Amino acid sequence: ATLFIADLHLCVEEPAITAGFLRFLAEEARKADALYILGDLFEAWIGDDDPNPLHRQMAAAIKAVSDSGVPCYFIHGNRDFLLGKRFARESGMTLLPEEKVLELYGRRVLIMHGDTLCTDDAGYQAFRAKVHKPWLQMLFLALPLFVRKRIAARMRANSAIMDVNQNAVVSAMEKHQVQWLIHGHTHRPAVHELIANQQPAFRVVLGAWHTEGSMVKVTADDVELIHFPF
């Protein structure tokens, strides 16, 4: 079975999520064929050099999973788009592109964070357009940690998540010719039915973690959205 999670928003002052993720890693993920983390693993990311002890501990925990024989893959979310190759090495994760098609037990499944589907949110898409320019990322990362942190305090006070655009959903699923899509971002967990490629299709939406978690579990038999206790 292949597992998908997203929208953990890990944060020092949300210890229930930290504990729940550590358990998931030790119990569920160790038994999987593969683990995919579809963005917003962290509440915020200002660079791989951040000395936050949470990052040390979470990297070692994820790396224990891939070091055990279970590959771990990451797609960036809007919160953690700066997570880079240094932290990918620390955590034993492979970084994926924005959109990726998997072939799982016969079935072709598109995965993404989901923010690129929220095409009606003008402010968000403008924000996203700038902060994804490599040259600008390199300048922000060159700033001192304490400056990066003050900037990030503003930007989060300043920032209710707009839901996906249906034309964007269908366009992505027809571009990749898939009948299955898994994403997060919107924090509205559900299995939706729709039409893509003039056939039945499914859009499976992960939930954010707070007092419990969610995963999608993919087997040859089934695609299941599972909501599970800490």
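So that there is no doubt, residue numbering starts at 1 and follows the sequence shown.
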Going by the PDB record, how many residues of the deposited sequence fall between residue 94 and residue 95 without any coordinates: none, 1 to 3, 4 to 9, or 10 or more?
none
Stretch with the higher entry mean CA B-factor, where the candidates are 146-154 and 111-119:
146-154
For the stretches 123-131 and 85-93, which has the higher mean C-alpha B-factor as given in the deposited record?
123-131
Candidate residues 220, 12, 25, 208, the one whose C-alpha B factor the record puts highest
220
When the deposited Cα B-factors of this chain's modelled residues are ordered and cut into thirds, is residue 3 in the lowest, the middle or the highest one?
middle
Position of residue 140 among the chain's modelled residues by C-alpha B-factor, lowest, middle or highest third
highest
Among the chain's modelled residues, which third holds the C-alpha B-factor of residue 74?
lowest
Record-listed C-alpha B factor of residue 199: chain third:
middle
Using only modelled residues of the chain, where does the Cα B factor of residue 99 rank: lowest third, middle third or highest third?
middle
